[PDB]
Each structure stands twice: as structure tokens, then as C-alpha cells.
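Written out below as C-alpha cells is the structure these notes cover.
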Ligand SMILES: CC(C)COc1ccc(CNC(=O)N(Cc2ccc(F)cc2)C2CCN(C)CC2)cc1
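Numbering (PDB author numbering), first residue to last: 74 to 265, 1001 to 1086, 313 to 399.
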């Protein structure tokens, strides 16, 4: 009746508002300009399109009693959209991890000069592959009207489509995301270990310089310190390398008594920069944790719908399907609420998201 129509109607507007907020935050804040936030904005675009088009149609179908009120030729469109955006999201997320798994493994990943157009084309390519995956739904639904209509109700009825799409769209990106998340935490655990080794090497060679009577000892210690400071090529790694090379210039000239005071000043710079480099890896893994959270939430909230759809294929004879069919009618809306959940996490964890969204609240832009 109507006591559940209101419950399923708030989800649409919450999804719309939250994802429009996310789009505005990504497109407005100058601090979010990188590949990950561009992918998140594309994800928010997909969520906003899903909430603007598919969710209200599903709501009106619910209020009409799970009956299709639109022209019969548009049903194949509806499912297509419901596949086009979600398949994007599960592949957008799967993209991000992969990118963040590989774009950080090059030894100069902590550098500036991010490839904006490269990430833009990556997003376009992910959308293109999602379009290619989603094309069969309308292509084979326009020909056969019994593939998108299951005895008067507009939903996927082809068991082959259900199985393959569940494998292709849902399970494969989920497994890829899990494996890449594990490999990402394993890889990032090594970053914080090499940095500590560089810090220890710098401390050892600074101890060596402080107590010295030779001229080439300074050269050896400064060379070892030069190798340690190189690190992930931040660019201000080279400002520390440049200062070390300045002291190395003093040593190679010959004045030992002058190089030691310089290295003392560089020691203060070294401690400051390492506490800045090791802090950068902390954010590098915090973003990974937040993205893992959003992966988990999306997958878990879309799980029951796929579980029941897979159930409805193989055991079509040895499984009761009286109330189980009605379970899908709320599992689909759990999957829809997965769209609205993401901005909540963004406001819960990412500080810039919190500030921007609070700015837009309480009678303000
Ligand atoms: C041969 C295939 C390409 C044929 O084409 C297919 C492509 C995809 C699938 C599997 N995808 C869905 O079951 N849905 C979309 C989805 C997509 C991705 C996600 F991560 C989450 C949800 C459901 C469609 C029905 N509505 C009501 C809920 C969502 C089925 C067939």
C-alpha cells in the first residue's frame, strides 16, 4: 500500500542530492584536482543518472503494483539504463583501484604534474566499455519482447543474460577490486619501510659527518645521504638533494670544517622533509582505506539482488518462488540506496568533502 511508497521515495531524492553535492565538490574545490576525484565525479554522474531516470520509474512501477505503465518499446531502454550506469560504477571503482595500484608503483609517483587528459580518457574508455557491455540488453530486447517482459512485468527474463551479466558486470570487477586492494596494502606497507631505511641512513651519515677529521669521509656520507633523499621524486626531494649536493660541492673543494655546519642545517631540513614524506604515505593509504570502504558498501548492497537473481535461474524447479520473487523488489532498492550511500561516506571521512558540503547546507550555496 502507500505506507511503503513514501519509504521508497526518499531514496531517489537522497541519491540525487548527495551525488549532485559530490559533483559540485569535485568540480569546485581546487584541492581535489586529480585522477581519483575525477573518477569519483564520473561515479557520481552515473549515480545521479541512475537516480534521475531508473529509480523514479521503478518507484512509479511499485505504486502501480509492479506493472509497466510506459510503452512496451521503452522497457528494453529502462533495463539498459539500469545496466549502463551500475556497470559503469562497478567498473569505475574497479578502474580506480587498478589505477591507484599501478600509478603509485612507479618510483616517481609522489611527484606533481599529474596526467589530467590521461585520466579523462581513462574515464571515457571505462564509459565506452560499459556501453559495449550494456548494448546487448536493448539490442536483443527490441527484437524479442519476451526477454525484457516476464509475464507483464518489465524486468530481465533471459536466464543467459542474467548469468553472463552477473559474471561480467558484478563478480569480475568485485574479484579484481579485492585482489587489487590486497596487493595495494601489501605494496604500500613496503613504501613506509623504505622511507624508514632512508631516514636511518641519513641519521647514520649525519652522525658520521659530525665526528670526522678526513676530507673524503664527508664525500662518502653525503653520497649515501644523496641516495636516501632521492626517494619517490617529489620534486622537493631534489631540493633536499640539491642542498646535499651543495655540501658535497664544499667537500669536493676541500674545506671540511665548512661542510659540517652545512650538514647540521640540512639535518633540520631532513627531519622536516621525512616527517612530510612519511605523512604523505599515510594519506596515500588513508585514501586507499576510504575507497575500500566504498567498494565494500557498493558490493554488499548490490549483493542480495544478484544472489536472488542467480537463485531464480538454476533451481527453477526445486526452489520456492512465492515470496522470494518479492524479495527482489526490495533488493533492487537496496542496490539503488547503494547509490546514495557514497556521499555519506565522503562527508564522513574526506575533510574537504565535509567542508564543501557543510558550506552548501544551512541556507547557503
Ligand atoms: C550478456 C550481458 C552483457 C547481458 O546484459 C547484462 C548486463 C549486466 C547484468 C547484471 N546487471 C544487473 O543485474 N543489474 C544492473 C547492475 C549492473 C552492474 C552492477 F554492478 C550492479 C547492477 C540489475 C538490472 C536490473 N535492475 C532491476 C537492477 C540492476 C545482466 C545482463
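The beta carbon of each residue, even a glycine, is placed where N, CA and C say it ideally should be.
With DSSP as the reference, please indicate the residues paired to residue 226 in a beta bridge. Answer is 223, bridged to residue 226.
Which runs of the alpha helix (DSSP H) at least 4 residues long sit entirely within the region 74 to 157? Give them in chain order. Counting only unbroken stretches of 4 or more residues, the alpha helix (DSSP H) elements lying wholly within the region 74 to 157 are 78 to 101, 108 to 122, 128 to 136, in sequence order.
Identify whether residue 377 lies in helix, strand or coil by the three-state DSSP scheme. Residue state for residue 377 is assigned as helix, using DSSP reduced to three classes.
In the region 1022 to 1055, which residue ranges form an unbroken alpha helix (DSSP H) of at least 4 residues, counting only runs that do not cross its ends? If only uninterrupted alpha helix (DSSP H) runs of at least 4 residues are considered, those enclosed by the region 1022 to 1055 are 1024 to 1038.
For residue 147 and residue 366, what's the separation of their Cα atoms in angstroms? Each residue's Cα considered, the two are about 19 Å apart.
Quick one, are the C-beta atoms of residue 1003 and residue 174 less than 8 Å apart? No; because the gap between Cβ atoms is not below 8 Å, this pair is not in contact.
Local conformation of residue 250 per DSSP, three classes: Residue state, collapsed to three classes: helix.
If you reduce the DSSP assignment to three classes, tell me which class residue 357 lands in. Three-state result, residue 357: coil.
With a 10 Å radius around its C-beta and 16 neighbouring C-beta atoms as the bar for buried, classify residue 395 as buried or exposed. Label assigned to residue 395: exposed.
Quick one: residues in its chain with C-beta nearer than 7 Å to the C-beta of residue 182, no 5 flanking neighbours on either side, listed in chain order? Within the same chain, residue 182 has close Cβ partners 176, 1040.
Best match in 162, 130, 325, 260 for proximity to residue 245 [C-alpha to C-alpha]: Nearest C-alpha to residue 245: 162.
Suppose contacts are defined by Cβ-Cβ distances below 8 Å. Is residue 114 in contact with residue 99 by that definition? Taking 8 Å as the cut-off, the beta carbon of residue 114 is found closer than this to the beta carbon of residue 99.
Given residue 374, which residues of its chain have a CB within under 7 Å of its CB, disregarding the five upstream and five downstream residues? So the list reads 84, 87, 88, 91, once near-sequence residues are dropped.
Out of curiosity, what's the CA-to-CA distance linking residue 327 and residue 133? Their Cα atoms are separated by approximately 32 Å.
For residue 109, tell me which candidate among 399, 384, 209, 261 has the shortest Cα-Cα distance. Put simply, of 399, 384, 209, 261 the residue whose alpha carbon is nearest the alpha carbon of residue 109 is 384.
Within its chain, find whatever has a CB closer than 7 Å to the CB of residue 319; leave out the 5 residues flanking it on each side and keep chain order. The beta carbon of residue 319 is closer than 7 Å to those of 261 in its chain, skipping five residues each way along the sequence.
Going by DSSP, what residue range makes up the alpha helix (DSSP H) through residue 211? Element bounds for residue 211: 209 to 216.
With DSSP run on the structure shown, which of helix, strand or coil describes residue 1062? Correct three-state label for residue 1062: coil.
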